[PDB]
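# Close look at the chain arrangement
One-letter residues, chain by chain:
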Amino acid sequence: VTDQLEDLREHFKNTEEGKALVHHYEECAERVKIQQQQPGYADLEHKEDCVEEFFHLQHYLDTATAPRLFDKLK
Amino acid sequence: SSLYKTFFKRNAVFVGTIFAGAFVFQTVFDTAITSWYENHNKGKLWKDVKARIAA
Amino acid sequence: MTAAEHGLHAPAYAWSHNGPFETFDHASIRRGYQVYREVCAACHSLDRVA
Amino acid sequence: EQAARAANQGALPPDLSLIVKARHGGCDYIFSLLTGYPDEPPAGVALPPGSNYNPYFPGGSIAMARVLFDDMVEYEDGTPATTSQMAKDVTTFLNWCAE
Amino acid sequence: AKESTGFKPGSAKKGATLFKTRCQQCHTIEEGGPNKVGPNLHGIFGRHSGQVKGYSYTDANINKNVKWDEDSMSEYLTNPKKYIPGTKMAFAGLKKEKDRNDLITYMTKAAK
Ligand code: HEM
Ligand code: HEM
Ligand SMILES: OC[C@H]1O[C@@](CO)(O[C@H]2O[C@H](CO)[C@@H](O)[C@H](O)[C@H]2O)[C@@H](O)[C@@H]1O
């Protein structure tokens, strides 16, 4: 018996909206990776992160999974 | 309403009766509420769970 | 305030105790104690509970 | 308090008797926190040595690491002890402690 | 000890993240790794229980006097406080047989 919540998050990462949101987060993750490899990163004090893109994804998942999860639990 | 007249006949209800009625109402009302409340929550109460846990 | 600082908003799950007429699920309370004893107690106290 | 912080890298695990009422979000927050630890923080976020990332925690950086994992407990009534099931159960128990 | 155990090799990668998520918070397993909430685990599979220098141990851990081998580590990781009553190690245990096998595999490698 696998975790009901991680099970719901997987299903919803697979919808059109889900796939789109992880894509947007993914593009950011890549853009960030390339910035970290470049020389001089350590001293920029205005570095980009992907919390925002991650939050949009997580918010979508939460909105879909929240009302369904408890039906899958005792 | 004749339903009222047969009991009080054009007079207003007196204190004694009001108080007496309040006492009857408390008992009856409490039972009815607890009864409805417990039934609406069948399976969740401890007494219901205690019955389940038998081993 | 930035999203990170705010912290992600917690979604609304269907707690069986959400609602004017709902009691707690006592079987869930009993199961919860076990999780507290076996997983949390080692780091967290429950000082006001006798 | 001193012994507590020593066993937790300077951090102090709060008493949970009122945790459900002591935080905006109540049960939803507790549950989301317990089941909201990703495998890794988002790209670009540098995590303080000794910290753990959790989006639901203000700041994102929390001293408590994820502790709930599938079947680390064996429920007496035969209920499948999944992380979310356990999260749901303790949160319910913690709500009773508080109210 | 034997006759109640059953360690078998497994995945070192699966155990590498299993250590990362459920063990490295309090432990460091590299040679030259400092002590934290818990003692450094490098070379642990050789020595006896409660011997890492510079770490304040529990009397129950020192008094356990066990030569840490795969089988003992497995029985320990299943339920720490059952194996060592009184240990200050906060961890319920790796209840699934393959989980501890995969973890111990990675451990044995990074240990030596
Ligand atoms: C499933 C069992 C557990 C529950 C229900 C639980 C719950 C919580 C909650 C609700 C908080 C409050 C976070 C906040 O400020 O909003 C917290 C904090 C904390 N917990 Fe736990 N916890 C559990 C197990 C553990 C374990 C096993 C440890 C000790 C290794 C631990 C260490 C901490 C620490 C150090 C904090 C401080 C967080 C900070 O201020 O950054 N917890 N926990
Ligand atoms: C499955 C992951 C883990 C492994 C493989 C592991 C392994 C070990 C071992 C073998 C010992 C005994 C060391 C010796 O004999 O010198 C020990 C002790 C200890 N561990 Fe862990 N551990 C793990 C997770 C944890 C966690 C999550 C924490 C911190 C919350 C922790 C805290 C401690 C402490 C404080 C001790 C000292 C025990 C005492 O003196 O009573 N360990 N651990
Ligand atoms: O205390 C856990 C410990 O894990 C580290 C390892 O680098 O952080 C990573 O792993 C954690 C547990 O899986 C995650 O919570 C964290 O987000 C991730 O970066 C340490 O930073 C942390 O002290």
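Cut-offs and rules
- Residues numbered from 1 in each chain as written, not as in the entry; some residues may be left out.
- Chains lettered and ligands numbered in written order.
- Part of a larger assembly, values for the part shown.
- Heavy atoms only, no water.
- Helix = DSSP H or I, 4+ residues; strand = E, 2+ residues; numbered from the N terminus.
- Rg over C-alpha atoms; globule rule 2.2 N^0.38 Å.
- Buried < 20%, exposed > 50% of the residue type's maximum accessible area, 1.4 Å probe, protein only.
- Areas by Shrake-Rupley, 256 points an atom, 1.4 Å probe, with all protein chains shown as cover.
- UniProt positions renumbered as here; feature names shortened; annotations may be inferred.
- Donors = N, O, S within 2.8 Å, 3.2 Å for Na, K, Ca; no water.
- Tetrahedral: all angles 85-135°; square planar, octahedral: opposite > 155°, others 65-115°.
- Contact = heavy atoms within 4.5 Å.
- Near = heavy atom within 4 Å.
- Polar contact = N/O pair within 3.5 Å; in protein donor to acceptor, adjacent residues only side chain to side chain.
- Nonpolar A, V, L, I, M, F, W, Y, C, P; charged D, E, K, R; others polar.
- Buried area = accessible area lost by both parts, 1.4 Å probe.
- Salt bridge = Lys/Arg side-chain N within 4 Å of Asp/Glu carboxyl O.

### Quick word on the overall build of chain B
Helix and strand counts for chain B stand at three helices and zero strands. The globule rule puts the C-alpha radius of gyration for 55 residues at 10 Å, and the 20 Å found for chain B is more than 25% above it. Looking at chain B as a whole, 9% of its 55 residues are labelled buried. In the form shown here, chain B has an accessible surface area of approximately 5000 Å², with 65% of it arising from carbon and sulfur atoms.

### Focus: the UniProt feature "transmembrane region" in chain B
If you check UniProt for "transmembrane region", the listed places come out as residues 15-40 of chain B in our numbering. Structurally, residues 15-40 of chain B is divided into 100% helix and 0% strand, and its ends, taken at the C-alpha atoms, are 36 Å apart.

### Looking at the coordination of the iron atom of ligand 2
Residues and elements named next belong to chain E. Around the iron atom of ligand 2, the donor atoms from the protein are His27 (NE2) and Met89 (SD), and they sit 2.0 to 2.4 Å away. Its six donor atoms give the iron atom of ligand 2 angles of 88 to 179 degrees at the centre, a pattern that matches the octahedral case. Residue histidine 27 is located in the loop between helix 1 (12-22) and helix 2 (59-62), and its partner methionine 89 is located in the loop between helix 4 (80-83) and helix 5 (97-111); the two are separated by 62 residues in the primary sequence. Both residues of the pair, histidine 27 and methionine 89, count as buried.

### A word on the side chain of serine 72 of chain E
Residue and element names in this part refer to chain E. Among the secondary structure elements, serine 72 is positioned in helix 3 (residues 70-78). Judged by its relative accessible area of 2%, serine 72 is buried. Each residue touching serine 72, except ones within four places of it in the same chain, is listed here: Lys67 and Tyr83.

### Some thoughts on the site of ligand 1
Near ligand 1 there are 19 residues, and of these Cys40, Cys43 and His44 of chain C together with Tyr29 and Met64 of chain D occur at the shortest range. Each of chains C and D places residues next to ligand 1. Contact distances for ligand 1 include 2.9 Å between an oxygen atom and a side-chain N or O atom of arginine 23 of chain D. One of the backbone N or O atoms of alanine 63 of chain D is found 2.9 Å from an oxygen atom in ligand 1. Elements that contribute at least two residues to the shell around ligand 1 include exactly helix 2 (26-40) of chain C together with helix 2 (26-34) of chain D. No other element matches the three residues that helix 2 of chain D contributes to the shell around ligand 1. By residue class, the composition of the shell around ligand 1 is 16 nonpolar, two polar and one charged.

### Observations regarding the site of ligand 3
Lining the immediate environment of ligand 3, one finds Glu40, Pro41, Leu47, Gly50, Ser51, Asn52 and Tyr53 of chain D together with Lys20, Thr21, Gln24 and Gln25 of chain E. Looking at what sits near ligand 3, you find residues from chains D and E. Residue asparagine 52 of chain D places a side-chain N or O atom 3.0 Å away from an oxygen atom belonging to ligand 3. In isolation ligand 3 has 470 Å² of accessible area, and contact with the protein removes 82% of it. Of all the elements in the fold, those that place two or more residues in the shell around ligand 3 are strand 1 (52-53) of chain D together with helix 1 of chain E.

### A word on the interface of chain C and chain D
With 32 residues of chain C in contact, the opposing surface of chain D contributes 41 residues. For chain C, the biggest contributors to the area lost against chain D are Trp15, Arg31 and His44 of chain C; these three give 21% of the whole. A salt bridge links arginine 31 of chain C to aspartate 89 of chain D, with the shortest nitrogen-to-oxygen separation between them at 2.7 Å. Breaking the side of chain C that touches chain D down by element, the ones donating at least two residues are helix 1 (3-6) and helix 2 of chain C. If one sorts the elements of the side of chain C that touches chain D by residue count, helix 2 of chain C sits on top with eleven residues.

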